[PDB]
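Right, one structure below, let's go through it.
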Amino acid sequence: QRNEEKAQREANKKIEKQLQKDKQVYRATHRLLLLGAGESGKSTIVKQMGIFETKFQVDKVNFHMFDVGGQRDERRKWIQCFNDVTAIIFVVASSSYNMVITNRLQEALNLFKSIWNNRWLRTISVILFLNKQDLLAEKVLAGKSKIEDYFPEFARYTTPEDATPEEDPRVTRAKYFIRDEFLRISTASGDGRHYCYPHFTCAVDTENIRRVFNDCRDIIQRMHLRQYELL
Amino acid sequence: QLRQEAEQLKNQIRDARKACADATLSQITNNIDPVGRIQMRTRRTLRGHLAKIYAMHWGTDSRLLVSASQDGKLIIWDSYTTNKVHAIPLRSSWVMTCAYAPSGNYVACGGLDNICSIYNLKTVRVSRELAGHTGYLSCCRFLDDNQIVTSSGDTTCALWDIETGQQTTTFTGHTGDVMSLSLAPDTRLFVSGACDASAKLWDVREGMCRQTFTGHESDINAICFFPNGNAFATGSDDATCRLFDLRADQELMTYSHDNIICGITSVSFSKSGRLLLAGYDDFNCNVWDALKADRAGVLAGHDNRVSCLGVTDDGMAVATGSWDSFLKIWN
Amino acid sequence: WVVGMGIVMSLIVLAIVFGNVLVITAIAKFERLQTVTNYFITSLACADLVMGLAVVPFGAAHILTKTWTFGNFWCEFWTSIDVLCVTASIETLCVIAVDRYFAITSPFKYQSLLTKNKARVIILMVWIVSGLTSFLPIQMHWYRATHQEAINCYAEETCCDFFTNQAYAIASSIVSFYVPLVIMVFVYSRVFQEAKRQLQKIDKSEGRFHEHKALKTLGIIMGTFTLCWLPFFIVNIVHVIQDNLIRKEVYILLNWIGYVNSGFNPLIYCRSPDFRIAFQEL
Amino acid sequence: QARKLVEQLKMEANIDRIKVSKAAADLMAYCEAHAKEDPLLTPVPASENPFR
Ligand SMILES: Nc1nc2c(ncn2[C@@H]2O[C@H](COP(=O)(O)OP(=O)(O)OP(=O)(O)O)[C@@H](O)[C@H]2O)c(=O)[nH]1
Ligand SMILES: CN[C@@H]1CCc2c(ccc(O)c2O)[C@H]1O
Numbered sequence: 012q013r014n015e016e017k018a019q020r021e022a023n024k025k026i027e028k029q030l031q032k033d034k035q036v037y038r039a040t041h042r043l044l045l046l047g048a049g050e051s052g053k054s055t056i057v058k059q060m206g207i208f209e210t211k212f213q214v215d216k217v218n219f220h221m222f223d224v225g226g227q228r229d230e231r232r233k234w235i236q237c238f239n240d241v242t243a244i245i246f247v248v249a250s251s252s253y254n255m256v257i263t264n265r266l267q268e269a270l271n272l273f274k275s276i277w278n279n280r281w282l283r284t285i286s287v288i289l290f291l292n293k294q295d296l297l298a299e300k301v302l303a304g305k306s307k308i309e310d311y312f313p314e315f316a317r318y319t320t321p322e323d324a325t326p327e330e331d332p333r334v335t336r337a338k339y340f341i342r343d344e345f346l347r348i349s350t351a352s353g354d355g356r357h358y359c360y361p362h363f364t365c366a367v368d369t370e371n372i373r374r375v376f377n378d379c380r381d382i383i384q385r386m387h388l389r390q391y392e393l394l
Numbered sequence: 006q007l008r009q010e011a012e013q014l015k016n017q018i019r020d021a022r023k024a025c026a027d028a029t030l031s032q033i034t035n036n037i038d039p040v041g042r043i044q045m046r047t048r049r050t051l052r053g054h055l056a057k058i059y060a061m062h063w064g065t066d067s068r069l070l071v072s073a074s075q076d077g078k079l080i081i082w083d084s085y086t087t088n089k090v091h092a093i094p095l096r097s098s099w100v101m102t103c104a105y106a107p108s109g110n111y112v113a114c115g116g117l118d119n120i121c122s123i124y125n126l127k128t133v134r135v136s137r138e139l140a141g142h143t144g145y146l147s148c149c150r151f152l153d154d155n156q157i158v159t160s161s162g163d164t165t166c167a168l169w170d171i172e173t174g175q176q177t178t179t180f181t182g183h184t185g186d187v188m189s190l191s192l193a194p195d196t197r198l199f200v201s202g203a204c205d206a207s208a209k210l211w212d213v214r215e216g217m218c219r220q221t222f223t224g225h226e227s228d229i230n231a232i233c234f235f236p237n238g239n240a241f242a243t244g245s246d247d248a249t250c251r252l253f254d255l256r257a258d259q260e261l262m263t264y265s266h267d268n269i270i271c272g273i274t275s276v277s278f279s280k281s282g283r284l285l286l287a288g289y290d291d292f293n294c295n296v297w298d299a300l301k302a303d304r305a306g307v308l309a310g311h312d313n314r315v316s317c318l319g320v321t322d323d324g325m326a327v328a329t330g331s332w333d334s335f336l337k338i339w340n
Numbered sequence: 032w033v034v035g036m037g038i039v040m041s042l043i044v045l046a047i048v049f050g051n052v053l054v055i056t057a058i059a060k061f062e063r064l065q066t067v068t069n070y071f072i073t074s075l076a077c078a079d080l081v082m083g084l085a086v087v088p089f090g091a092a093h094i095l096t097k098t099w100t101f102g103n104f105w106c107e108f109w110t111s112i113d114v115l116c117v118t119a120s121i122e123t124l125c126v127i128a129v130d131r132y133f134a135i136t137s138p139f140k141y142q143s144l145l146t147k148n149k150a151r152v153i154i155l156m157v158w159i160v161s162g163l164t165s166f167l168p169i170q171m172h173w174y175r176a177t178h179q180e181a182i183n184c185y186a187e188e189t190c191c192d193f194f195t196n197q198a199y200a201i202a203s204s205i206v207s208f209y210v211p212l213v214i215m216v217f218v219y220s221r222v223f224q225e226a227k228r229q230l231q232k233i234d235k236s237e238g239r240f241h268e269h270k271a272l273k274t275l276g277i278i279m280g281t282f283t284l285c286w287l288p289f290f291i292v293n294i295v296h297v298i299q300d301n302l303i304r305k306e307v308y309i310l311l312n313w314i315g316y317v318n319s320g321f322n323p324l325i326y327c328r329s330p331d332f333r334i335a336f337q338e339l
Numbered sequence: 011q012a013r014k015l016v017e018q019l020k021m022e023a024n025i026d027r028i029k030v031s032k033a034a035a036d037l038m039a040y041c042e043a044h045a046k047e048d049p050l051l052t053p054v055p056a057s058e059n060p061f062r
């Protein structure tokens, strides 16, 4: 009677003391979601620098990434669980305009549009990696394949003046056209609540973790600035 | 040729149940007295979860309950004195369901890792792990201490043998993800609602579907048995609830309002089956009248979306959980 | 004019108490407003409410009746409450500015830097330093002047004026209004720089498909506080150095203009959807 | 797959079903009979309420 009540309170105090230590670790870590178009080469990006999870730390900051391979369907009912993540990483193979496999770039664009316009992912940014740049450069330098045959809008495109090519002008024009194809979808739907950070990625890059770190820093800083009515 | 016969067979089934609609449930219960107005108040508030809450299950003793959260904990509460009894950390932080054994010795869990885990409360360490599903688990219910039924996102359900960890039987026939299930009071039949807007009635012992109901328009999110056991109710994300009768093999009544446009996350019945409690996407719960289809109360004490709801076996309290990491007891 | 002047002073008391009580009740009643940043706002609201309840009515009565009737002890108690409430309100704005500075400039370490216990310790320290500056020197007669007029003022029982020496006036000015001014200036310059650089980045990366807000917000925040409190803390230093340059009426008028600032804090630090919804619910 | 779908429909279509006037009456009678011990319909006194 009297002794039982005190016994219960003893166990509650021990449990509540453990939950305080767990809250410190939980609030100091950042969660990322990794997506792909099906044959985009996202496995290599993970390898170099049900559900698969990985942990890494840069500049004494803890990150923790999620990859889903146990579920493969055109309907993503589980996508509503990832509405508290810091950012989403989207990997797309940019050198697959001619591969019907209806081509894979159009499917990737449709997937990006579906993810962007979602009732739950309305405040989440996307870090976009445009993988397989060397293959794209080689195929563009090859005269046989023409993007305008598959993408008719390419017949009336010019390289932007405010560009930073390294490179023959043809491959730069192709890369910027492909990047703009995603940017035009990104800009229209959202208004300041989230942004997109496109990057050009290859199989020999080792600075991708720095890019993720900087993009997350920008995401949090912009979130705070918008919250304090300064942006 | 074969497809022609299936269309012909589906034609007579609609005609078979069309001649059985002598009247509607609404006409018969027009002379019944209204329930009136029902107002409830919060009695307890449970705190301690660091993230949003997906699952909740009452105990058979109507005193203890379990809850699951995205931060990776499985906390057992004491609803009377508001005291934490256990806190089981999980290997995977993505959890979608939980269950509490009728005897009170075990607790199950599952989620995005396609695995169901059983814990031994009275010994707390992992006892068994069940594998074989190719999709995320959506629900799980205990039949006994040695057998459990699970549903997953690979459009299949299964019955497991905990002692050996093997699927005794498998139920197939759905075309979309199975979202929920509920067992009969006698533990001989169960129903499942899937994303193809259809519900099915199965047989645990034999293992084949008996009847199919296709009244809804979109994905079915919740399902529950009538206390009698001859009827059940469903809830989809088109802001409608429907009541289906097993012996008549069709739909009896629809619960909807013109001021509601959000989806429905959970449903449950009262002790007598007169009241129907459903949780919505618009941050609050509503209370209906099963025999008349009119609103009788509103529970609006939550700050984020209500994801789970349950009623005690003795029917003294109602517990709800939401995405703001809080549980509330309404009496 | 006494009837008209008393009407205006009656509306000032009502405005201060009405806004501050609403903010305090809204935060406590609702669980979504229990953030760390709201503790500083709660402390500032409590200080402003104490000011409005304890300083404005008695000062207004003293001005209107032209005589002090409560004795030679309640005058000193009222002066101590006045200094304590003024000092502890300006120093909370500094804490809010530093909080925003740490939130924006260093986003990864913000959660570790600020904790509820740390917030409580900081607030208690601020209030303790405010109490040490007001009650301790005043109640021990270390602020007393030396000229014959001050001696007569202290001897009389119906007179309750303010006379002080050079050291106390200079020291009290700096703790209440000068150290906190440069700190917020330095903070907000860096905040503006960060906002402008982020805007430049967004324009560079996304310009073809498409700083008034930050400038306007910072201008409001700085201008209200500065225009309310700078002239008084300038004339406070000037009068001790030059005796005949400043009159008593100007001193009182500038002090009251400073007092008025307590009724504007809810209109500045409580504009957000979470606060507007809470106000609508109540 | 086509044959299995046709077989299931034939097996399901051959069942006996009662009219709605009987099922509605059964649910109404059950609710009327068991509405006595429904604590949610009629609030219980605070003496017998464990949560208050
Ligand atoms: N040149 C080049 N080849 C790549 C690149 N990324 C992947 N590959 C090729 O992909 C082959 C192996 O496949 P993975 O790297 O695992 O890519 P994946 O299997 O399609 O990954 P997922 O489909 O997302 O699971 C390698 O032999 C590479 O030749 C790239 O960025 N550049
Ligand atoms: C009676 N009015 C007082 C006079 C001096 C003084 C005030 C406020 C803050 C200070 O640091 C002061 O030294 C004024 O409120």
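Residue numbers (PDB author numbering), protein chains in the order written: chain A, 12 to 60, 206 to 257, 263 to 327, 330 to 394; chain B, 6 to 128, 133 to 340; chain R, 32 to 241, 268 to 339; chain G, 11 to 62. Don't be surprised by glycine CBs; every beta carbon is placed ideally from N, CA and C.
Distance between beta carbons of residue j and residue i, contact taken as under 8 Å
i, j, result
"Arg-49(B)", "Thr-87(B)", "6 Å"
"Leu-230(R)", "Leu-394(A)", "7 Å"
"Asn-239(A)", "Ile-285(A)", "7 Å"
"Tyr-132(R)", "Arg-221(R)", "7 Å"
"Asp-76(B)", "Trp-99(B)", "Not confirmed; about 11 Å, so no contact."
"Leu-336(B)", "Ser-72(B)", "6 Å"
"residue 259(R)", "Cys-191(R)", "Coordinates for residue 259(R) are simply not present: the residues of chain R run from 241 and resume at 268."
"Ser-136(B)", "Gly-116(B)", "Contact doesn't hold; Cβ gap of about 18 Å is too wide."
Inter-residue Cα distance where the pair is residue i and residue j
i, j, result
"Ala-186(R)", "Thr-110(R)", "17 Å"
"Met-171(R)", "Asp-113(R)", "16 Å"
"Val-296(B)", "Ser-281(B)", "14 Å"
"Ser-279(B)", "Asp-298(B)", "10 Å"
"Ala-78(R)", "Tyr-85(B)", "40 Å"
"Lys-301(B)", "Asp-312(B)", "30 Å"
"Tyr-209(R)", "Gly-102(R)", "33 Å"
Interface flag, residue i vs chain R, CB-CB below 8 Å
i, result
"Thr-40(A)", "no"
Exposure label - residue i; buried when at least 16 CB within 10 Å
i, result
"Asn-24(G)", "exposed"
"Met-262(B)", "buried"
"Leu-302(R)", "exposed"
"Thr-34(B)", "buried"
"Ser-331(B)", "buried"
"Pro-168(R)", "buried"
"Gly-64(B)", "buried"
"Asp-20(B)", "exposed"
"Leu-146(B)", "buried"
Short CB-CB distance (under 8 Å) between residue i and chain A
i, result
"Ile-120(B)", "yes"
"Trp-82(B)", "no"
"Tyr-124(B)", "no"
"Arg-221(R)", "no"
"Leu-230(R)", "yes"
Neighbour flag for residue i against chain G, beta carbons, 8 Å
i, result
"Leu-70(B)", "no"
"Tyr-85(B)", "yes"
"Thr-179(B)", "no"
"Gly-319(B)", "no"
Requested in this report: With a floor of 3 residues, list each beta strand (DSSP E) that falls wholly inside the region 59-87 of chain B, ordered by position along the chain.
Outcome: 69-74, 78-83
Report task. Go through the region 137-204 of chain R residue by residue and report every complete run of the beta strand (DSSP E) that reaches 3 residues or more, in order. Result -> none
Report task. With a floor of 3 residues, list each beta strand (DSSP E) that falls wholly inside the region 171-198 of chain B, ordered by position along the chain. Result -> 175-180, 187-192
Query raised in the report: What runs of the beta strand (DSSP E), each 3 residues or longer, lie entirely inside the region 290-340 of chain B?
Result: Every beta strand (DSSP E) stretch that sits fully inside the region 290-340 of chain B and reaches 3 residues is listed by chain position as 294-298, 306-308, 315-320, 327-331, 336-339.
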